[PDB]
Amino acid sequence: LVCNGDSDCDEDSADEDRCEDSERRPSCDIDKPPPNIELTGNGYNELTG
Amino acid sequence: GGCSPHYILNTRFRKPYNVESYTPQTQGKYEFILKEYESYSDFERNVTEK
(Lines of atoms letter the chains of each structure in order from A and count residues from 1; the text may use other names and numbers.)
(Lines give C-alpha, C1' and ligand atoms only; values in the text may rest on other atoms or scores of the structure.)
Protein backbone atom coordinates (compact mmCIF):
# COMPACT_ATOMS: atom_id res chain seq x y z
CA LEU A 1 0.00 0.00 0.00
CA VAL A 2 3.00 2.35 0.26
CA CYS A 3 3.49 4.94 -2.47
CA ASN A 4 0.29 3.87 -4.10
CA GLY A 5 -2.00 6.85 -4.83
CA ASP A 6 -4.33 6.09 -1.91
CA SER A 7 -4.03 7.50 1.61
CA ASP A 8 -3.85 4.15 3.37
CA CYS A 9 -2.67 5.82 6.50
CA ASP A 10 -5.82 7.72 7.35
CA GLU A 11 -4.93 10.76 9.48
CA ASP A 12 -1.29 10.72 8.53
CA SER A 13 -0.66 10.02 4.86
CA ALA A 14 2.97 9.00 5.25
CA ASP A 15 2.68 6.21 2.68
CA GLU A 16 2.13 9.00 0.12
CA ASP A 17 4.99 11.19 1.37
CA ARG A 18 7.97 11.84 -0.92
CA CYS A 19 6.36 9.92 -3.81
CA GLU A 20 7.08 10.75 -7.45
CA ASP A 21 3.87 11.17 -9.47
CA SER A 22 5.70 9.61 -12.43
CA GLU A 23 6.19 6.48 -10.29
CA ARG A 24 2.58 6.41 -9.07
CA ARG A 25 -0.07 4.64 -11.14
CA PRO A 26 -3.81 5.46 -11.01
CA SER A 27 -5.13 3.22 -8.23
CA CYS A 28 -8.75 3.63 -9.38
CA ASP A 29 -10.89 5.60 -11.79
CA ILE A 30 -12.62 7.37 -8.89
CA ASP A 31 -12.15 8.61 -5.33
CA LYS A 32 -15.71 9.56 -4.35
CA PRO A 33 -17.08 7.37 -1.52
CA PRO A 34 -20.81 6.76 -1.07
CA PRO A 35 -22.60 9.91 -0.02
CA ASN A 36 -22.46 9.46 3.77
CA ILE A 37 -20.51 6.23 4.34
CA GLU A 38 -18.57 7.90 7.17
CA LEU A 39 -21.73 7.61 9.29
CA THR A 40 -21.39 3.83 9.06
CA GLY A 41 -18.12 4.16 10.99
CA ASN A 42 -19.45 6.07 13.99
CA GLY A 43 -19.78 4.38 17.33
CA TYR A 44 -23.14 4.30 19.05
CA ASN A 45 -24.35 4.68 22.64
CA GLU A 46 -27.16 2.23 23.29
CA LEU A 47 -28.65 3.97 26.34
CA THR A 48 -28.75 7.54 25.02
CA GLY A 49 -29.17 6.16 21.52
CA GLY B 1 -0.32 15.98 4.97
CA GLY B 2 -3.91 14.77 5.07
CA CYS B 3 -5.28 14.55 1.53
CA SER B 4 -7.76 11.83 2.36
CA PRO B 5 -10.94 12.29 0.27
CA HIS B 6 -13.77 13.91 2.23
CA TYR B 7 -16.98 14.93 0.45
CA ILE B 8 -20.17 16.79 1.17
CA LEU B 9 -22.57 16.59 -1.78
CA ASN B 10 -20.28 17.01 -4.83
CA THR B 11 -17.77 19.29 -3.04
CA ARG B 12 -14.55 17.84 -1.63
CA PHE B 13 -12.97 19.21 1.55
CA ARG B 14 -9.54 19.13 3.18
CA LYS B 15 -10.08 18.14 6.80
CA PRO B 16 -7.77 20.05 9.18
CA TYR B 17 -5.35 17.93 11.19
CA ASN B 18 -6.94 19.10 14.45
CA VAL B 19 -10.41 17.91 13.39
CA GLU B 20 -11.43 14.31 14.00
CA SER B 21 -14.79 14.68 12.23
CA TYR B 22 -16.79 17.37 10.54
CA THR B 23 -19.74 15.46 9.16
CA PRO B 24 -23.09 16.56 7.65
CA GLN B 25 -25.35 14.91 10.23
CA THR B 26 -28.49 16.71 9.06
CA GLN B 27 -31.65 16.99 11.16
CA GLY B 28 -34.50 19.38 11.77
CA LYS B 29 -37.06 19.82 14.55
CA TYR B 30 -40.01 22.23 14.48
CA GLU B 31 -42.41 23.27 17.24
CA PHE B 32 -45.61 25.31 16.91
CA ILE B 33 -47.93 26.09 19.82
CA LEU B 34 -50.89 28.48 19.66
CA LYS B 35 -53.28 29.19 22.55
CA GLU B 36 -56.20 31.59 22.01
CA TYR B 37 -58.57 32.33 24.90
CA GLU B 38 -61.68 34.50 24.96
CA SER B 39 -64.16 35.27 27.70
CA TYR B 40 -66.84 37.92 27.91
CA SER B 41 -69.50 38.69 30.51
CA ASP B 42 -72.64 40.82 30.19
CA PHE B 43 -75.07 41.85 32.93
CA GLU B 44 -78.09 44.09 32.25
CA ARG B 45 -80.55 44.90 35.04
CA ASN B 46 -83.69 47.05 34.90
CA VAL B 47 -85.94 48.10 37.79
CA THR B 48 -89.10 50.18 37.30
CA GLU B 49 -91.74 51.24 39.84
CA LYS B 50 -94.83 53.39 39.31
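Chain A is numbered as in Swiss-Prot; shown residues: 101-149, in order.
So this one's electron microscopy, 3.3 Å, going by the header.
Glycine is treated like the rest: Cβ placed from N, Cα and C.
Candidates considered were A:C109, A:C119; the recorded disulfide partner of A:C103 in Swiss-Prot is A:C119.
When secondary structure is read from DSSP and collapsed to three states, A:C103 (disulfide bond) falls in the coil class.
Counting same-chain residues at least six beyond the ends of the compositional bias 'Acidic residues' (A:108-120), those with a Cβ under 8 angstroms from any Cβ of the stretch are 101-102. Applying an 8 A CB threshold to same-chain residues 6+ apart, the list for A:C103 (disulfide bond) reads A:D115, A:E116, A:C119, A:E123, A:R124. Secondary structure at A:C119 (disulfide bond), taken from DSSP and collapsed to helix, strand or coil, is coil.
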